[PDB]
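# Survey of secondary and tertiary structure
Chain by chain, the residues run as shown.
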Amino acid sequence: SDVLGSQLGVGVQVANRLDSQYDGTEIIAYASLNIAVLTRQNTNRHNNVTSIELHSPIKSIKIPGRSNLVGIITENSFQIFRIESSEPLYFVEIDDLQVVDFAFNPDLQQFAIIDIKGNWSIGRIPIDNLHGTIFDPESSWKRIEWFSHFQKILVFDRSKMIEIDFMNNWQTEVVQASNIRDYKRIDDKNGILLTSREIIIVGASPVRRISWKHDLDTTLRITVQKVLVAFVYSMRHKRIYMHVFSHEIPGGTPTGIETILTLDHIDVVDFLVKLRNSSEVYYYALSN
Amino acid sequence: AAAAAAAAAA
Amino acid sequence: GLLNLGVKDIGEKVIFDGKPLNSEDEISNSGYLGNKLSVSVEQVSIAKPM
Amino acid sequence: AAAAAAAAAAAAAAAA
Amino acid sequence: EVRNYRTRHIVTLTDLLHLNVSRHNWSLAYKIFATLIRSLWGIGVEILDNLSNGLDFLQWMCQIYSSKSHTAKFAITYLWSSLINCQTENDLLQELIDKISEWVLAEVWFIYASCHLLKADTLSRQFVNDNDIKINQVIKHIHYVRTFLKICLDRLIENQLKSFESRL
């Protein structure tokens, strides 16, 4: 296969976080103070259909699901939007000054928030209250993902990775030499992708791992395809790499103009969206 | 031992 | 009651200030009654002496 | 922050 | 910079209050809230309802301040508590609701319409019972239903009203 770039979204800011809607037609880019929505379905479509002004630079956006809501995280408050005819539904304010990453529970009830302090906040969406918080990491939690079973949750922080029981307490942890910017759990299971300069695939629960080197700088973000067969990682050195499941044979590598800060894959592995240092987003169509 | 010392201080 | 009906009777007053229509070629610019800063009242109600 | 810490310490002492 | 004892104490108290709301601390809320008094008050409203020791008064006071001047956040809440609480004399509440609407012309009107509906349901069953009378209450109920219908206008709800009238 290969990927072909279908569209470019001129956010005019850097794009730290991007999500795709689900048959997704809109892509949401998070920049700085605002979230822009663009309708990809309309190929001239130079400008965004809608804009949501959350706050300061946006770290993460996540859409529930079905696809009604959107959660935006950046500064102290997390904003929840209703995208149904968007307007701010609710706001969740936490003590921590910033949130690096977000994850939604499979039954859409809970939001997981990756705080700068390092703590993990669990929010009950309905009450908008903080049910529980797991603190392990010294410093900021940079990324998170959920186990395929949905029982466990994994997070990476500055220099460590930790696995958490949904019930509460921390199951395990891995120590690394450097900071961990991004992580993904394989939908099949039994594989965790970690994002450092190197990309390490860790066998869940075996000792053996696979380490792949195709990034010159830090790997900012990574996402597994829904299918699990392959995943992609993005890097400061402007490269987006696609790799095979587990032990990363290079499927294809795009070279972008600037650093690739964030990425998302469509629910049916059709499209890839990346956010760039160039203050834009790129939309790719995966080809069989 | 340490616990006992704390109690005395209180 | 009575007042709502009363306001309706003297429902609209229009005052027109003469201005060029500034449209394309048409005799409507010479006839410009103009634009009507229509004014109306739809409801009036005493709240309370509190 | 320092002040807060001090306060906390004081509280602890009191408790003890 | 930050105050010596005072700023730090306030921040810590707020954090503690948040912890208390996360975990019900009827006692913690009572003392923590008192310490905190030294806008906002939803948590205070929340603690009274969550931990009782009759949670209606504080909300009324909050609603009363800062009146002169979408819509108001303090208020649209106070109204809801009332009907649910009722679920003393109600007519009065209905009167108050009208007063508010008069002053300010989510619309409150919808809430007012809903409130009358509750009264109609009570009227409907009392009227249905034999202990056997032909006019009075039935005519009153019909008038109430028409009044309720007018407010909503300016499907599920309408259907419910109809069922109610038939039973009466």
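Residues numbered from 1 in each chain as written, not as in the entry; some residues may be left out. Chains lettered and ligands numbered in written order. Part of a larger assembly, values for the part shown. Heavy atoms only, no water. Residues with missing side-chain atoms left out of burial classes, pairs and counts.

Another point: the overall build of chain A. Broken down by element type, chain A carries zero helices and 28 strands. Here the C-alpha radius of gyration of chain A, 17 Å, is about what a compact globule of 288 residues would show, namely 19 Å. (Helix = DSSP H or I, 4+ residues; strand = E, 2+ residues; numbered from the N terminus. Rg over C-alpha atoms; globule rule 2.2 N^0.38 Å.)

Within chain E, the regular secondary structure consists of nine helices and zero strands. Secondary structure of chain E in N-to-C order comes out as α-α-α-α-α-α-α-α-α. The C-alpha radius of gyration of chain E comes to 22 Å, more than 25% above the 15 Å expected for a compact globule of 168 residues. Counting only C-alpha atoms and orienting by the principal axes, one finds that chain E spans roughly 75 × 35 × 25 Å.

Attention now moves to the pairing of strand β3 (residues 26-30) of chain A. Residues and elements named next belong to chain A. Sheet topology places strand β2 (residues 17-20) next to β3; four bridges connect them, and they run antiparallel. By the bridge assignment for β3, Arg 17 is matched with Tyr 30. When β3 meets strand β4 (residues 35-39), the two strands line up antiparallel, connected through five bridges. Across the sheet, the residue bridging to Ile 28 is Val 37, located in β4. (Pairing = 2+ DSSP bridges.)

Attention now goes to the environment of C:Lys13. Residue and element names in this part refer to chain C. Tracing the backbone through its elements, the reader meets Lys 13 in strand β1 (residues 12-13). Note: C-alpha distance between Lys 13 and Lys 36 (23 residues apart in sequence) is 9.6 Å. Apart from the residues within four sequence positions on either side, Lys 13 is in contact with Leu 37, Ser 38 and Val 39. (Contact = heavy atoms within 4.5 Å.)

Moving on: the sheet that holds strand β22 (residues 219-224) of chain A. Residues and elements named next belong to chain A. Strand order in this open sheet of four strands is β22-β23-β24-β25, and the pairing throughout is antiparallel. With partners counted over all chains shown, the strands left at the sheet margins are β22 and β25 (250-252), one partner each. Averaged over neighbouring strand pairs, the angle between their axes works out to 30° when direction is ignored. Note that strand β23 (residues 230-235) and strand β24 (residues 240-244) share five bridges and pair antiparallel. When the sheet's bridge partners are listed, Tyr 233 is paired in β24 with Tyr 241. (Axes fitted to C-alpha atoms, helices over the stretch in contact; angles between N-to-C directions.)

Right, let's get into the pairing of strand β14 (residues 141-146) of chain A. Residues and elements named next belong to chain A. Note that β14 and strand β15 (residues 152-157) share five bridges and pair antiparallel. Counted as the bridge partner of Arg 143 is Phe 156 from β15. The loop that links β14 with its antiparallel partner β15 comprises five residues; one of these, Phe 150, has a positive phi angle of about 80°.

With no contact formed, the shortest span from any C-alpha in chain B to any C-alpha in chain C equals 61 Å. The two units chain C and chain D remain apart, with a minimum C-alpha distance of 49 Å.

Positive phi outside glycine occurs at A:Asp128, with the angle close to 55°. With respect to the helices, strands and loops of the structure, A:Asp128 is situated in the loop between β12 (120-124) and β13 (129-134). Even without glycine at this site, C:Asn22 takes up a positive phi of about 65°. Tracing the backbone shows C:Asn22 in the loop between β1 and β2 (39-40).

We now examine the sheet that holds strand β27 (residues 271-276) of chain A. Residues and elements named next belong to chain A. With antiparallel pairing, four strands are arranged side by side in an open sheet as β1-β28-β27-β26. Sheet topology places β1 (2-9) and β26 (260-265) at the edges, where each strand pairs with a single neighbour. Taken pair by pair, the neighbouring strands of this sheet meet at an average axis angle of 25°, ignoring direction.

Along the chain, C:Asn4 falls in helix α1 (residues 3-9). Of note is the side chain of C:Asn4, whose polar atom sits 3.3 Å from the backbone oxygen of C:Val44. (Polar contact = N/O pair within 3.5 Å; in protein donor to acceptor, adjacent residues only side chain to side chain.)

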